[PDB]
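One structure below.
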Amino acid sequence: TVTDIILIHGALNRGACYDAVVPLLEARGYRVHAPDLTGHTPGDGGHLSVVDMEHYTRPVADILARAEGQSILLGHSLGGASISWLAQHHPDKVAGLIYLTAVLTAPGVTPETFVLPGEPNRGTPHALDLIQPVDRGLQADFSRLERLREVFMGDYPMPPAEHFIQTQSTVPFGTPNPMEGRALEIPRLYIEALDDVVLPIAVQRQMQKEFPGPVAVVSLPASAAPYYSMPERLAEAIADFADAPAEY
């Protein structure tokens with residue numbers, strides 16, 4: 001039944017960020033994908049090209065279309081707003097959702113609800129401090145490289161440029177979760193990064209607790225990027241979920 005595993009990057013990242021994890025899942029017998037979202041491939045136009053969530057997620061819709069069977073969608077950090085949106089529109093194509101220290105927001109709730117300071121257990125003030133506006137775009141603050149590294153990339157045994165883009169579209173921050181009806185019947189899994197300081201473990205829990213209905217959860221002892229510090233443990237739980245998502 002489950003045929004493809006689709007891994008989806010966070011803000012300012014690219015598909016390639018998952019390089020270490022892809023062949024581990026492939027060994028578990030899956031067609032594994034790590035596409036760039038719209039605006040995330042150098043030479044494609046960048047952040048102003050992204051019209052809306054449909055346009056931003058099209059490279060994932062396209063893959064799901066050629067899928068022989070069912071798919072698991074994984075989102076990292078900001079990626080969770082992409083897989084919630086896709087779930088609404090292709091629930092026939094999706095068998096399961098993985099939120100990897102990602103943004104899981106209740107129906108009709110935007111991700112910014114949890115980036116901005118607020119109560120209870122809201123705010124990502126490390127990221128607001130290191131990611132800055134430009135033009136409608138967001139971009140890291142390159143005057144503080146070591147800070148950029150300990151905060152966003154401390155799990156890397158720095159990463160290579162293939163893993164990143166310069167400018168991020170604001171589209172997925174302001175677009176609210178459209179999941180209704182069948183989409184809420186998809187099994188949901190949240191993988192926590194317990195030592196994350198981008199998205200504090202308290203915010204992660206506040207998001208699991210605020211989503212209507214059950215969320216299965218696995219806890220990883222990682223920081224903002226578990227695909228760097230522990231690909232093997234991560235793939236394993238990803239494949240244990242794709243082996244039978246209704247019962248994990």
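Naming works like this for the structure tokens: A, B, ... for the chains as they're shown, residue 1 at the start of each chain, ligands 1 onward in shown order.
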
Within 6 Å of region 78-84 of chain A using only C-alpha atoms, minus same-chain residues under 5 positions, as a PyMOL selection string = chain A and resi 8-11+99+102-104

Near-residue 39 (chain A) list (8 Å; only C-alpha atoms; drop same-chain fewer than 5 positions) as a PyMOL selection string = chain A and resi 44-50+56+168-169

Take the residues from that selection and write them out as a PDB file, in the first residue's frame, keeping C-alpha atoms.
ATOM      1  CA  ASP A  44      14.129  29.226 -10.505  1.00  0.00           C
ATOM      2  CA  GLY A  45      13.259  32.771  -9.364  1.00  0.00           C
ATOM      3  CA  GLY A  46      13.523  32.480  -5.618  1.00  0.00           C
ATOM      4  CA  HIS A  47      11.163  33.775  -3.008  1.00  0.00           C
ATOM      5  CA  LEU A  48       9.043  36.202  -5.055  1.00  0.00           C
ATOM      6  CA  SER A  49       8.140  33.419  -7.501  1.00  0.00           C
ATOM      7  CA  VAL A  50       5.989  31.592  -4.908  1.00  0.00           C
ATOM      8  CA  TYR A  56       4.705  26.312  -3.287  1.00  0.00           C
ATOM      9  CA  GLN A 168      12.545  32.328   1.836  1.00  0.00           C
ATOM     10  CA  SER A 169       8.979  33.057   0.746  1.00  0.00           C
TER      11      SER A 169
END

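Among the residues of region 158-235 of chain A, backbone DSSP assigns strand (DSSP E or B) to residues 164, 168, 169, 188, 189, 190, 191, 192, 193, 216, 217, 218, 219 and 220 of chain A.
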
Contacts of region 117-126 of chain A at 6 Å (only C-alpha atoms; same-chain gap of 6+ positions) as a PDB file with N, CA and C atoms, in the first residue's frame:
ATOM      1  N   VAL A 198      15.703  26.181  18.253  1.00  0.00           N
ATOM      2  CA  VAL A 198      14.883  26.842  17.250  1.00  0.00           C
ATOM      3  C   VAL A 198      13.435  26.702  17.715  1.00  0.00           C
ATOM      4  N   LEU A 199      12.900  25.477  17.669  1.00  0.00           N
ATOM      5  CA  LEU A 199      11.519  25.191  18.052  1.00  0.00           C
ATOM      6  C   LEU A 199      11.491  24.489  19.408  1.00  0.00           C
ATOM      7  N   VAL A 203       7.294  24.266  22.848  1.00  0.00           N
ATOM      8  CA  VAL A 203       6.409  24.675  21.764  1.00  0.00           C
ATOM      9  C   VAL A 203       5.918  23.457  21.014  1.00  0.00           C
TER      10      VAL A 203
END

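Nearest-residue note for residue 234 (chain A): choosing from A:17, A:130, A:22, A:12, the minimum distance belongs to A:22, counting only C-alpha atoms.
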
ask   = Can you list, as a PyMOL selection string, every protein, DNA or RNA residue that comes within 7 Å of region 206-223 of chain A when you count only C-alpha atoms, leaving out same-chain residues fewer than 2 positions away?
value = chain A and resi 104-106+121+154-155+188-197+202-204+225-226+229

Polymer residues at most 8 Å from residue 138 (chain A), only C-alpha atoms, same-chain spacing of 2 or more positions, as a PyMOL selection string = chain A and resi 131-134+136+140+167-170

query = Which residues come within 12 Å of residue 63 (chain A), counting only C-alpha atoms, excluding same-chain residues fewer than 2 positions away, as a PyMOL selection string?
reply = chain A and resi 3-8+31-37+57-61+65-73+86+90+93-94

query = Any idea what the distance is between CA of residue 224 (chain A) and CA of residue 180 (chain A)?
reply = 29.2 Å

task = Quick one: pick out all helix (DSSP H, G or I) residues within region 102-208 of chain A from a backbone DSSP run and write them as a PyMOL selection string.
result = chain A and resi 112-115+125-130+145-152+161-163+171-174+181-185+201-208

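When CA of residue 127 (chain A) is paired with CA of residue 148 (chain A), their separation reads 9.3 Å.
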
query = Skipping near chain neighbours, those fewer than 2 positions away, what residues fall within 7 Å of residue 173 (chain A) using only C-alpha atoms, listed as a list in words?
reply = residues 110, 111, 112, 170, 171 and 175 of chain A

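Our summary of the geometry notes that CA of residue 96 (chain A) is positioned 5.1 Å from CA of residue 187 (chain A).
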